[PDB]
């Protein structure tokens, strides 16, 4: 049953300082905003995902990006803790700057960068995160993540 995780919206800061934000918009879709980090400023609406419940309070959000980045987030909701593996093509660990946009406006651009690569070797980032903020926005709220990070109010 995914009802537990669908609509969950949270900000979470990885052990390496990166402040990420997810809204699980439905059983197969997240929005996300990166506030801090390698790719701070980057955000994404309607990222197609695999979401599954691995046990009671252990959800997994799995996806591949137009950049070629693959991601598997284990989200432990009640425990307010998260683990992300990020499989960055070499060209995003090297030159992440073009990926820092509203991606939905630059999908063919991202795939063009993706295709020339270099894809290999992959740069894997495995980090725990503390979930600092967490709320239920319900399904299909396009207003949860509808701006870049810096365009949020100073208390968010």
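Residue numbers count along the first chain shown, from 1.
**Q** May I ask you to compare 39 to 47 and 83 to 91 by their mean CA B factor in the entry and name the higher one?
**A** 39 to 47 has the higher mean C-alpha B-factor.
**Q** Going by the mean C-alpha B-factor recorded in the entry, which is higher: 63 to 71 or 50 to 58?
**A** Mean CA B-factor is higher for 50 to 58.
**Q** Comparing against every modelled residue in the chain, figure out the third that the C-alpha B-factor of residue 120 lands in (lowest, middle or highest).
**A** CA B-factor rank for residue 120: lowest third.
**Q** Pull the Cα B-factor of residue 128 out of the PDB entry and bin it into the chain's lowest, middle or highest third.
**A** It falls in the middle third of the chain.
**Q** Comparing residue 100 with the other modelled residues of its chain, is its CA B-factor in the lowest, middle or highest third?
**A** Tercile = highest for this residue's CA B-factor.
**Q** If you rank the chain by CA B-factor, which third does residue 18 end up in: lowest, middle or highest?
**A** Top third by C-alpha B-factor.
**Q** Within this chain, which third does the Cα B-factor at residue 136 fall in: lowest, middle or highest?
**A** For residue 136, the deposited C-alpha B-factor lands in the middle third.
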